[PDB]
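In the form deposited without the ligand, a lone chain appears below as structure tokens.
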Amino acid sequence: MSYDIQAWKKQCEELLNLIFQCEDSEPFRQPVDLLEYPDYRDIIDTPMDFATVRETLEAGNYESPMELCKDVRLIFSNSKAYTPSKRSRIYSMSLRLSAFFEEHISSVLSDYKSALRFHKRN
């Protein structure tokens, strides 16, 4: 179990469970409704949402926690592009949940890279 290179998957499932519980995740749980928000695709090239991230992890389509972290960061960078105004309550929600995610993902990434370095050396 020390330096287990697969432990990040369960850690990421647990973190996504916390994120889905957070009231701040409500706008980001499901894809933006493309048929009902007509100008969304005029602004955003690559939509992303937490249900898509959770399904990608479950399907085994992330090779590392860094790939999962890239998709989650796209959720927040898309929100900042579409809702850029610091006055907006949606801007505030995105910033709070981004900080929460970045705090909790830190140890998952550091542990995973430590494990990589250990198995590569040995």
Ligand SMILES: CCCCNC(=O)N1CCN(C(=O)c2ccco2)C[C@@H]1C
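Just so we're on the same page, rigid core means the largest C-alpha set that superposes within 1.5 Å between forms. Each residue number is its position in the shown sequence, starting from 1.
Omitted here: the form solved in complex with the ligand. The next part is about that form.
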Open or blocked: the ligand superposed from its pose in the deposited complex, cut-off 2.4 Å to backbone or C-beta: open
Partner proximity in the deposited complex: residue 57 to the ligand, non-hydrogen atom cutoff 4.5 Å: no
In the deposited complex: members of 12 to 28 within 4.5 Å of the ligand, any heavy atom: 27, 28
Rigid-core-referenced C-alpha movement of 2 Å or more between the shown form and the other one, selected from 63, 36, 39, 45: 36
